């Protein structure tokens, strides 16, 4: 039942996932090891700043939404201090990666680093009340605003902008949040949502038209589904049932479009015209694609009571828990092949850190509490 599900997710988050990160990822030199094998052993000491920020964000957000636990604060704080010290170039632009000790590894700038930093330090500042953390958050927020702007645009862009503003909420005027979240619904549901197939496109022209190219044909089922629960969550703010049901409709379309009938699971990438994708990893089964689907379906069912969501929720649940969860060692595998066999013996790496798993466990716990 619903209550048992709330309990499963609560326990997984608090007794399995967060202890895994506390027990295995804390670097005494500052920040965190994300490159952890199945057992939690470090296989690489590099500091991938996106993930370093996500982990400060995770622990801080939990202090803010649940309880200001002493261990969660210390975990977030030691990540926050290390990053404040080493994360930025002299003009305050955020790096992508550092060496374990904090030396910058050089590669093209990407405004996404500043976004995650703003989100992380905003939440840590809120959690701890430290002004220095607040200053770092505003600097990074301002960095994004002074830089963010076959022409084409990516779905990731309005999503991170909406995420940024929402995580910055306690620091910004009510009107800013309002404008941005209303602009986000319009653009995500108007330009990126394809009325033809009822699917979310990753990349469109500025006017929302399609471009027939690798980028313009690309579907990332999980990314679209993640965007839809975000839209659900915005819409729920003004009780906008039209938009909530519309996002739910899109979630069901993607699931039906992207589910692998032979082996179970959603494909990582697909091509909207049926052409050969450019991505060699297109047919893989990735932890976050399935976790964000569990959030979207739980939320959709909580918010609408539509049984279709509950039916798909149970189908997704059984597949995901059976294939990704690794309770004997803690946490979830990230990377399975199409047949659902472990592709990489890791619990974290360059792209998997303390983020999609704990956020999804928390969110599903909260959806099943309300349902229950």
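Positions refer to the first chain, counted from 1.
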| query | finding |
| --- | --- |
| Size class of the missing deposited segment between residue 262 and residue 263 | none |
| Higher-B stretch (mean Cα B-factor, as the entry records it), 47-55 or 302-310 | 302-310 |
| Comparing 120-128 with 203-211, the one whose average Cα B-factor in the PDB entry is higher | 203-211 |
| Out of 252, 152, 266, 228, residue topping the C-alpha B-factor column of the entry | 152 |
| Member of 179, 139, 279, 293 with the greatest C-alpha B factor (per the PDB record) | 179 |
| Third of the chain's Cα B-factor distribution that residue 284 belongs to, per the entry | lowest |
| Chain-wide C-alpha B factor ranking for residue 42, given as lowest, middle or highest third | middle |
| CA B-factor placement of residue 66, once the chain's modelled residues are sorted into thirds | highest |
| Lowest, middle or highest third - CA B-factor, residue 60 | middle |
| Chain third (lowest, middle, highest) by recorded CA B-factor, residue given as residue 345 | middle |
